[PDB]
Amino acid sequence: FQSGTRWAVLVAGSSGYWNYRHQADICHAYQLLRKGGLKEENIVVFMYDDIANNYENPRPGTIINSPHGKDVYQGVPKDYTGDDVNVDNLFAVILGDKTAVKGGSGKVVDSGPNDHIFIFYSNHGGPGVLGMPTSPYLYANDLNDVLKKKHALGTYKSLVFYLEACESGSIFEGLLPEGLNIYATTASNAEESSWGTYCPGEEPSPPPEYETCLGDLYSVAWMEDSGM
């Protein structure tokens, strides 16, 4: 049996009620990983945190990631929220460097060489770029550089990256080398959209008055699969 520690970094790259789904994706991922036995101290959550009590939310204080889903917001730690959701903090977290963090909980992936790491990002994207709710945006070269650095630190056995965004293939295609012990998958290729799901007017639809999608198809595809 695996004797290493399992870590995760969960990142919603957007803000605003219309982007409900990205923070819902991340909260769902948090609950799933906790149910799997990952410890709270090893799961680092980035979310702007403007959804659960958004005035447009039909169910104040809750977030759901499927039409009949349970609340997934309760229990999610507020590691990096609001303007603490930024690239410098994300990189400090991935590299396990508490002294490079600015604002937020200070939780980082201070991992060892026999540990596993799971990173899940959900948001908006375009060719070569991922959204953040603060300046600057998360650029493909910068993200791949920080993964290379982490590999140079040697502080994991293997790392898995799941990525939800438009043109998300562009973030790794021809940029992520073999030999880093990193496996990544993306919702889309480098030239096409990725899609929300559980959207008004579509089947199945969110409850009345949500007027926003509850999740993203690639994201709920893996999370609902892991559940069953």
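Residue indices: 1-based, along the sequence shown.
**Prompt:** Hey, which bit's got the bigger mean C-alpha B factor in the entry, 119 to 127 or 104 to 112?
**Reply:** Between 119 to 127 and 104 to 112, it is 104 to 112.
**Message:** Averaging CA B factors per stretch from the PDB record, which one is higher: 48 to 56 or 171 to 179?
**Reply:** Result: 171 to 179.
**Message:** Split into thirds by Cα B-factor across the chain's modelled residues, where does residue 210 land: lowest, middle or highest?
**Reply:** Highest third - that is where residue 210 ends up once the chain's C-alpha B-factors are sorted.
**Asked** How does residue 155 rank on Cα B-factor within its chain, lowest, middle or highest third?
**Response** It falls in the middle third of the chain.
**Third of chain Cα B-factors occupied by residue 90** = Its C-alpha B-factor belongs to the lowest third of this chain's values.
**Message:** Could you place residue 188 in the lowest, middle or highest third of its chain by Cα temperature factor, using the values in the record?
**Reply:** Tercile = middle for this residue's CA B-factor.
**Request:** Please rank the C-alpha B-factors of the chain's modelled residues and tell me whether residue 41 sits in the lowest, middle or highest third.
**Result:** Its C-alpha B-factor belongs to the middle third of this chain's values.
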